[PDB]
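The chain below stands alone and is given in structure tokens; this is the form deposited in one PDB entry.
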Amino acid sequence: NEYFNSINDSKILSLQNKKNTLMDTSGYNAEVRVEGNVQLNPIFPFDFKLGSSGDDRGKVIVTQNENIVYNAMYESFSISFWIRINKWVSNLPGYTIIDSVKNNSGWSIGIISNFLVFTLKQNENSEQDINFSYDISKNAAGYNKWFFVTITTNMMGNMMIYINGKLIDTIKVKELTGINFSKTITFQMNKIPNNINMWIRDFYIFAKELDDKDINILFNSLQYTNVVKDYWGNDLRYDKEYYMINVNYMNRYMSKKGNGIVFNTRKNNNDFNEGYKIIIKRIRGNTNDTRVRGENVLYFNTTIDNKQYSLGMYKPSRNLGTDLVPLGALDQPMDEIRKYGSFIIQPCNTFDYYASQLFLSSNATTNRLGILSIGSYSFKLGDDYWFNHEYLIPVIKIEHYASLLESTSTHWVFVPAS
């Protein structure tokens, strides 16, 4: 993998976290001061955390050597990093998050409303900026997920912005004479005149203009692809309460009627605080460290009333369709769970979400009998006596699922109840 080596050669700043310490692994050794309350994750991804709070609030400062800035001050450069913001509402007020401006010239990354804007400044009057806007329809609860920004900028060429490898917006760099780039970059959440958290990790700057194939290599090299992720992009974990949601039905929560699990309409889309929660329990796995990974055999528990059930197949009051069998809440021992309630998880990540697919397992082995989907069907559940009713239920298609294998109706996500 030269691809990886050739890129690193142009790396002028590498803000990593080693040995529980923020430092510059570029080689050019920038100074890294950590003022205020800056929480530091000891677990991977070794991110560092900031806040918008008053008084003692987080501030990370990075100061560079003149020699290496001077080189990239007029040619070409790229900025790339992982970022996450909690409660990134659409009505959010303006904030400067990452700033590199000294005497009213430089560059600055900031966020306002549903926008993450990257501005280029020469003087207090004139400034050109490129931005990314998140899809408010797809993220009613706030864009709270981890995402990988990349900004390529050529001073006589072009100024582009990428999110998760996908080029979002691209505009022409105007004639910018007298543009002085600062030797300091400051990570701090400063509100703009007239309470959120921010996680940053792996902040790199390069001395060239990265292309699509380079960016996506970087994007992919900077994650554990086989570690399944929750809705916000953190490592999905066993023995932790999540809300299980289908990607095609984000406005439904999980409820129960009789033996059946039935999906119901959310009251609102501010939080995900609604319905019954599930807990992922491991059965089979290559590693054993609480993180859920591809090809793991697993099952789901959930505490409904003061009892605790496990998700599993059951026989409905009448046939729902060919090869189709509902998943429901059952009080069953492990021997039954292994036969009729065990799944093989496969991570399925896209630009829009961190999701996963779930395959019914044969006797808690990795051999796949079917796939977990969702659908509305008419039958009897619980007290239902006189009439059938339409229930939106989780359903397993057995044997023939090549059609569903590519459908987003089999994409499941998990939102923590923190």
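We call the rigid core the largest set of C-alpha positions that still match within 1.5 Å between the two forms. Residue numbers here begin at 1 and follow the sequence given.
Where coordinates are absent for parts of the deposited sequence, a chain break appears; between neighbours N194 and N195 it spans 4 to 9 residues. For the two regions 254-262 and 164-172, the entry's Cα B-factors average higher over 164-172. Between 88-96 and 325-333, it is 88-96 that carries the larger average Cα temperature factor according to the deposited entry. Highest CA B-factor among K49, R368, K380, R57, as stated in the entry: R57. Listed residues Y70, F351, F359, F387 were ranked by CA B-factor as deposited; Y70 comes out on top. In the PDB entry, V415 places in the lowest third of its chain by CA B-factor. For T287, the recorded CA temperature factor ranks within the middle third of the chain's modelled residues. When the modelled residues of the chain are ordered by C-alpha B-factor, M155 sits in the highest third.
Per the deposited record, the Cα B-factor of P316 falls in the lowest third when ranked against the other modelled residues of its chain.
Per-chain ranking of the deposited C-alpha B factor places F118 in the highest third.
If you look for the form deposited in another entry, you will not find it shown, but the lines that follow are about it.
Core-superposed comparison between the shown form and the other one: the Cα of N288 travels 2 Å or more. Between this form and the other one, the CA-CA gap for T287 and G294 widens by 3 Å or more, being larger in the other entry.
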